[PDB]
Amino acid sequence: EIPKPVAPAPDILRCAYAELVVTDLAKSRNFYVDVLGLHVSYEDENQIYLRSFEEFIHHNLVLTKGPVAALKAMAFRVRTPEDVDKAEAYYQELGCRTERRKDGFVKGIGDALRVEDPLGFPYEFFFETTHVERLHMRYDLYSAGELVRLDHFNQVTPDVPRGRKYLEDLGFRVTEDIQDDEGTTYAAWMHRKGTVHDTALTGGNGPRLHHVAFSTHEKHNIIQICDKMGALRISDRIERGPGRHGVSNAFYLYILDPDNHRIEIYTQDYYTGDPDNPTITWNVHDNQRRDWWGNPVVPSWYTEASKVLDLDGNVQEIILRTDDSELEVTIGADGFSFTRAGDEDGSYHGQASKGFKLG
């Protein structure tokens, strides 16, 4: 019910960076630099610009000091300077608020368009960016937990099919989703760059930002992040994992930054770049869909997510999801999940797997 514009979609390459507003810049720096090992492209008393090991654009993450922690912008790189004009035309036809800045909104980005999209998310589209030293062979800097690439964003929105259509019109291709037999959709994953996703929609009250994900080379790198957090005695900031995903098949970990922005560490999903890439739909009650090993999904993973800002820097209104809740139908008092479809053995009723109930 979001209409398809007559205007052509901008050619989107990939997710490129997020700008997160943080309340204590020093504490945030400790987390992203000292704990996680991201590389400083620029910093001052107001902002920190960070990039992953293999990145050549200026940054994958901007930490901006502000009064209220929130997503300020989720930025996608487009293929040509002309695609920025295409983005402006497209969103204007959709009736969305847009703001164009020839000199960019943040350092290291040139001509850029920010929009309040039809789902209420602050999207940025840009082509021009300052190239920096690509650190991909700087093994003298490589940490045991090295984050090598920015992989994806994940957005919380109340109406998944509505957002899905809009993103498909924008050119994203759906790779996987979670539905039930009653026809409710709980989540969808969609890509531009030929991995499982560049962004994803998670059913819930929104707009809110669920997480930003970075890649590692190997599974042991993700294990090391966990181990380091234990050594630093901040294991309470490990939210969920590590595990193997069902959807995406990636090895994963979720952690919480000082403002409770959720960061995923992710590795080893599969190639999706063929236009007839087979879509995979999982049943919501399948206990292997989110954690392949059947480990329970922590309730905060379903309930907590970051505020997002509008173009004035104010927090966007949040709309209540009315479709069924994934938490409620799977691990809530009236929920259930299964290990084998139709088998009562290895099924869980009114609680989570592995012997746990909701706290």
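All residue numbers are counted from 1 along the displayed sequence.
Exercise. So 27-35 or 327-335, which one's hotter by mean CA B-factor in the entry?
Worked result: It is 327-335 that shows the higher mean C-alpha B-factor.
Problem set entry | Average Cα temperature factor in the PDB entry - higher stretch of 275-283, 140-148 | The recorded data point to 275-283.
For this session: Tell me which of 82, 239, 257, 177 tops the list for C-alpha B factor in the record.
Result: Of the options given, 82 has the highest CA B-factor in the PDB entry.
Problem set entry | Assigned third (lowest, middle, highest) for the C-alpha B factor of residue 114 | Its C-alpha B-factor, which the entry lists for residue 114, ranks in the middle third among residues of this chain.
Exercise. Among the modelled residues of its chain, does the C-alpha B-factor of residue 202 lie in the lowest, middle or highest third?
Worked result: CA B-factor rank for residue 202: middle third.
Exercise. In terms of the CA temperature factor given in the entry, to which third of its chain does residue 9 belong: lowest, middle or highest?
Worked result: Highest third.
Problem set entry | Among modelled residues of the same chain, the CA temperature factor third for residue 219 | Lowest third - that is where residue 219 ends up once the chain's C-alpha B-factors are sorted.
Exercise. Residue 251's Cα B-factor: lowest, middle or highest third of the chain?
Worked result: Lowest third, going by the recorded CA B-factors of the chain.
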